[PDB]
Structure formats: C-alpha cells, structure tokens
Amino acid sequence: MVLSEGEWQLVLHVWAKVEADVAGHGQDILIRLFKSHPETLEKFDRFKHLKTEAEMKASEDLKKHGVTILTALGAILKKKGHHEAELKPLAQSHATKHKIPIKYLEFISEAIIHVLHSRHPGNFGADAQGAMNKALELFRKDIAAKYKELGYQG
Ligand code: HEM
C-alpha cells in the first residue's frame, strides 16, 4: 500500500500533538489496550501482575514502556513508508523473543486510534482517522511480511 503525501500530513499533524506529551499518551494507550484485551497484559513479564487500572496508572515501568513504544512508532511514521531499516530489529524481537501475534498489533492499533480520538477530536476527524488507520495497516502489513521471512506465523 501507499499513502499519499496528504494522508501522511494528516498522520504527522496529529502525531505532533501526541509528541507534546509522549508519556501520558503511552500510558493511556497501554491501559486502554490492557483493559480492552486483558490477554495482551500476559505478554509483559514485568507488569503482568497489575490488577487494576489504578495500579497501572501508578506503575512507572508501564509508563516507561509506553514511551519506548510510542517513540519507536513515531520514528517509523516519520519515515512515511520508507521504514524498512527501522522495522527489521523490531520484527525480529517481536517475532522471536516476545512472540507478539499480528492480532495484538491490531489490538494496539485500535487503542491508539481510540485515545487520539478522545484527546485530539479537532485534529482527528474522519479523514485523519482514515489516514492513521491506513498508516498503521501499512505498518502491520510490512511487519507481518517480515514475520514470515523470520519464520514466525501460524
Ligand atoms: C505500535 C506497536 C509496537 C511498537 C512500535 C513496539 C515497540 C517496542 C520497542 C521499541 C521495544 C523495546 C525494543 C525491543 O524489545 O524490540 C518493545 C519491547 C516489547 N514490546 Fe513491543 N511494540 C509494539 C507493540 C507491542 C505489543 C502490542 C505488545 C504486547 C501485547 C508488545 C510487547 C512488548 C514486550 C513484551 C516487550 C519487552 C518489554 C520489556 O522490556 O520487558 N509490543 N516493543
């Protein structure tokens, strides 16, 4: 797939708002993912034990990881499709060490779109949400193609 420059602009225009508070967005997004799809929390051996949303909000580790994830995602979006080098080490650790199924990457994509919609309504209208969805589908499609080359699948 290929986004047009106008679609990338819509993605980078709402992303520049997220980057005013990376840690807060990371927290929101992971908590939304863990509430919606609690099975995903099991992949994290460091947080796995958190029982409630208050415990999650209070976990410094969870917040740090959210920052990790969003910074890596932001660097991929900024490439505007030319992200091959960034995806390699990412597809290798998620397919071989962590073992994150594409299904989960869809679940977090949904969590990202939910939070942007809540926090940025004026910059996340329908066309911008479509473009963000297209940029995350692109990301999942390229990662899934690397997963296959690396031997991971199902
Ligand atoms: C937008 C999607 C994602 C991005 C860009 C991303 C990025 C990262 C980054 C950069 C790291 C640290 C470097 C490395 O281990 O590769 C990481 C580690 C990790 N990621 Fe992902 N990730 C994403 C989605 C997920 C999802 C959906 C899950 C789980 C349901 C997950 C589980 C983890 C785990 C278990 C680790 C290691 C945590 C720890 O340090 O122990 N990732 N991810």
# chains A, B, ... in the order shown; residues from 1 in each chain; ligands from 1
call {"tool": "residues_near_ligand", "arguments": {"ligand": "ligand 1", "cutoff": "7 Å", "atoms": "only C-alpha atoms and all ligand atoms", "output": "list in words"}}
result
residues 40, 41, 43, 44, 45, 46, 65, 68, 69, 70, 72, 73, 89, 90, 93, 94, 98, 100, 104, 105, 107, 108 and 109 of chain A
call {"tool": "write_last_selection", "arguments": {"atoms": "C-alpha atoms", "output": "compact mmCIF listing (two decimals), in the first residue's frame"}}
result
# COMPACT_ATOMS: atom_id res chain seq x y z
CA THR A 40 -2.22 -8.85 25.98
CA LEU A 41 -1.03 -7.94 29.56
CA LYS A 43 2.99 -10.83 27.39
CA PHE A 44 4.60 -8.41 29.74
CA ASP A 45 6.52 -10.22 32.37
CA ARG A 46 7.36 -7.06 34.07
CA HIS A 65 7.50 1.24 28.21
CA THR A 68 9.51 3.27 24.34
CA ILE A 69 6.73 2.01 22.10
CA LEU A 70 5.49 5.39 21.00
CA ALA A 72 9.70 3.73 18.08
CA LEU A 73 6.27 4.11 16.33
CA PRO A 89 15.16 -5.27 14.51
CA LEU A 90 11.59 -4.64 15.59
CA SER A 93 12.44 -9.15 18.63
CA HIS A 94 8.68 -9.23 18.46
CA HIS A 98 8.44 -11.53 22.74
CA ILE A 100 3.55 -10.84 19.64
CA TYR A 104 -2.16 -7.98 19.12
CA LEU A 105 -0.66 -5.31 16.89
CA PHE A 107 -5.48 -4.52 19.18
CA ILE A 108 -2.94 -1.80 19.99
CA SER A 109 -3.71 -0.02 16.69
call {"tool": "residues_around", "arguments": {"residues": "residue A:147", "least_positions_apart": "3", "cutoff": "9 Å", "atoms": "only C-alpha atoms", "output": "PyMOL selection string"}}
result
chain A and resi 91-92+94-96+142-144+150-153
call {"tool": "write_last_selection", "arguments": {"atoms": "N, CA and C atoms", "output": "compact mmCIF listing (two decimals), in the first residue's frame"}}
result
# COMPACT_ATOMS: atom_id res chain seq x y z
N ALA A 91 10.80 -6.36 14.06
CA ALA A 91 10.12 -7.59 13.68
C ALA A 91 10.89 -8.78 14.29
N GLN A 92 12.22 -8.66 14.37
CA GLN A 92 12.96 -9.80 14.93
C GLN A 92 12.68 -9.99 16.40
N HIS A 94 10.02 -8.92 18.13
CA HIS A 94 8.68 -9.23 18.46
C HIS A 94 8.34 -10.63 17.96
N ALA A 95 8.97 -11.11 16.87
CA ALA A 95 8.62 -12.47 16.39
C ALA A 95 9.35 -13.64 17.10
N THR A 96 10.54 -13.34 17.65
CA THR A 96 11.43 -14.37 18.18
C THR A 96 11.55 -14.29 19.66
N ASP A 142 3.71 -4.65 6.63
CA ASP A 142 5.14 -4.80 6.47
C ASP A 142 5.70 -5.67 7.60
N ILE A 143 5.27 -5.45 8.82
CA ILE A 143 5.78 -6.29 9.92
C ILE A 143 5.39 -7.75 9.67
N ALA A 144 4.12 -8.02 9.29
CA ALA A 144 3.71 -9.44 9.05
C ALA A 144 4.54 -10.15 7.94
N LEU A 150 11.11 -14.29 8.86
CA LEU A 150 11.85 -14.71 10.03
C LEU A 150 11.40 -16.07 10.57
N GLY A 151 10.32 -16.65 10.03
CA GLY A 151 9.90 -17.97 10.50
C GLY A 151 8.70 -17.94 11.44
N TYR A 152 8.16 -16.77 11.81
CA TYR A 152 7.06 -16.71 12.74
C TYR A 152 5.76 -16.65 11.98
N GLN A 153 4.68 -17.21 12.51
CA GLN A 153 3.49 -17.24 11.70
C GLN A 153 2.42 -18.02 12.47
call {"tool": "closest_atom_pairs", "arguments": {"of": "stretch 32-108 of chain A", "to": "stretch 117-131 of chain A", "cutoff": "12 Å", "atoms": "only C-alpha atoms", "output": "tab-separated table"}}
result
residue	atom	partner	partner_atom	distance
A:32	CA	A:118	CA	11.6
A:77	CA	A:131	CA	11.5
A:80	CA	A:131	CA	11.8
call {"tool": "write_last_selection", "arguments": {"atoms": "C-alpha atoms", "output": "compact mmCIF listing (two decimals), in the first residue's frame"}}
result
# COMPACT_ATOMS: atom_id res chain seq x y z
CA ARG A 32 -6.77 1.06 27.05
CA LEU A 77 5.68 7.12 10.88
CA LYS A 80 6.48 7.97 5.54
call {"tool": "closest_residue", "arguments": {"among": "A:139, A:60, A:6, A:51", "to": "residue A:86", "atoms": "only C-alpha atoms"}}
result
A:139
call {"tool": "atom_distance", "arguments": {"atom1": "atom CA of residue A:111", "atom2": "atom CA of residue A:133"}}
result
11.3 Å
call {"tool": "residues_around", "arguments": {"residues": "residue A:28", "least_positions_apart": "5", "cutoff": "10 Å", "atoms": "only C-alpha atoms", "output": "PyMOL selection string"}}
result
chain A and resi 23+33+56-57+63+66+111-112+114-116+119
call {"tool": "closest_residue", "arguments": {"among": "A:85, A:54, A:145, A:135", "to": "residue A:15", "atoms": "only C-alpha atoms"}}
result
A:135
call {"tool": "closest_residue", "arguments": {"among": "A:113, A:10, A:76, A:16", "to": "residue A:29", "atoms": "only C-alpha atoms"}}
result
A:113
call {"tool": "atom_distance", "arguments": {"atom1": "atom CA of residue A:52", "atom2": "atom CA of residue A:37"}}
result
13.5 Å
call {"tool": "select_by_dssp", "arguments": {"residues": "stretch 15-52 of chain A", "states": "alpha helix (DSSP H)", "output": "ChimeraX atom specification"}}
result
/A:15-18,22-36
call {"tool": "closest_residue", "arguments": {"among": "A:106, A:138, A:22, A:97", "to": "residue A:82", "atoms": "only C-alpha atoms"}}
result
A:138
call {"tool": "decode", "arguments": {"residues": "stretch 19-37 of chain A", "atoms": "N, CA and C atoms", "output": "mmCIF file, in the first residue's frame"}}
result
data_model
loop_
_atom_site.group_PDB
_atom_site.id
_atom_site.type_symbol
_atom_site.label_atom_id
_atom_site.label_comp_id
_atom_site.auth_asym_id
_atom_site.auth_seq_id
_atom_site.Cartn_x
_atom_site.Cartn_y
_atom_site.Cartn_z
ATOM 1 N N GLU A 19 3.220 14.039 20.516
ATOM 2 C CA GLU A 19 4.587 14.312 20.965
ATOM 3 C C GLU A 19 4.686 15.479 21.945
ATOM 4 N N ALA A 20 3.609 16.219 22.200
ATOM 5 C CA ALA A 20 3.718 17.232 23.250
ATOM 6 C C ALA A 20 3.664 16.470 24.580
ATOM 7 N N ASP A 21 3.139 15.216 24.647
ATOM 8 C CA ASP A 21 3.120 14.507 25.927
ATOM 9 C C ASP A 21 3.234 12.999 25.631
ATOM 10 N N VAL A 22 4.425 12.548 25.339
ATOM 11 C CA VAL A 22 4.578 11.175 24.927
ATOM 12 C C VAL A 22 4.258 10.230 26.046
ATOM 13 N N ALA A 23 4.745 10.532 27.267
ATOM 14 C CA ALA A 23 4.473 9.591 28.330
ATOM 15 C C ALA A 23 3.000 9.471 28.693
ATOM 16 N N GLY A 24 2.263 10.593 28.710
ATOM 17 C CA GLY A 24 0.873 10.493 29.019
ATOM 18 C C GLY A 24 0.154 9.673 27.937
ATOM 19 N N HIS A 25 0.396 9.958 26.631
ATOM 20 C CA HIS A 25 -0.303 9.198 25.605
ATOM 21 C C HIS A 25 0.090 7.725 25.776
ATOM 22 N N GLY A 26 1.381 7.403 25.981
ATOM 23 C CA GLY A 26 1.767 5.994 26.112
ATOM 24 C C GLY A 26 0.961 5.310 27.221
ATOM 25 N N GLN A 27 0.801 5.947 28.372
ATOM 26 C CA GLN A 27 0.051 5.354 29.455
ATOM 27 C C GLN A 27 -1.386 5.069 29.036
ATOM 28 N N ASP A 28 -2.033 6.113 28.508
ATOM 29 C CA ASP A 28 -3.409 5.970 28.070
ATOM 30 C C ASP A 28 -3.577 4.776 27.133
ATOM 31 N N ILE A 29 -2.762 4.796 26.094
ATOM 32 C CA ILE A 29 -2.849 3.744 25.108
ATOM 33 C C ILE A 29 -2.623 2.330 25.692
ATOM 34 N N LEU A 30 -1.589 2.112 26.526
ATOM 35 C CA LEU A 30 -1.404 0.764 27.038
ATOM 36 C C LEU A 30 -2.558 0.394 27.967
ATOM 37 N N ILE A 31 -2.956 1.323 28.842
ATOM 38 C CA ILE A 31 -4.046 0.975 29.719
ATOM 39 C C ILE A 31 -5.311 0.599 28.921
ATOM 40 N N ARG A 32 -5.621 1.363 27.883
ATOM 41 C CA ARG A 32 -6.772 1.057 27.052
ATOM 42 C C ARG A 32 -6.629 -0.319 26.400
ATOM 43 N N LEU A 33 -5.414 -0.655 25.955
ATOM 44 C CA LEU A 33 -5.195 -1.958 25.369
ATOM 45 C C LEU A 33 -5.415 -3.068 26.438
ATOM 46 N N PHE A 34 -4.852 -2.896 27.650
ATOM 47 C CA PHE A 34 -4.948 -3.916 28.689
ATOM 48 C C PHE A 34 -6.359 -3.992 29.222
ATOM 49 N N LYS A 35 -7.123 -2.918 29.194
ATOM 50 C CA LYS A 35 -8.465 -3.095 29.677
ATOM 51 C C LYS A 35 -9.266 -3.818 28.590
ATOM 52 N N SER A 36 -9.166 -3.350 27.347
ATOM 53 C CA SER A 36 -9.928 -3.949 26.308
ATOM 54 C C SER A 36 -9.598 -5.409 26.052
ATOM 55 N N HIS A 37 -8.292 -5.706 25.961
ATOM 56 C CA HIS A 37 -7.814 -7.050 25.676
ATOM 57 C C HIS A 37 -6.838 -7.428 26.725
#
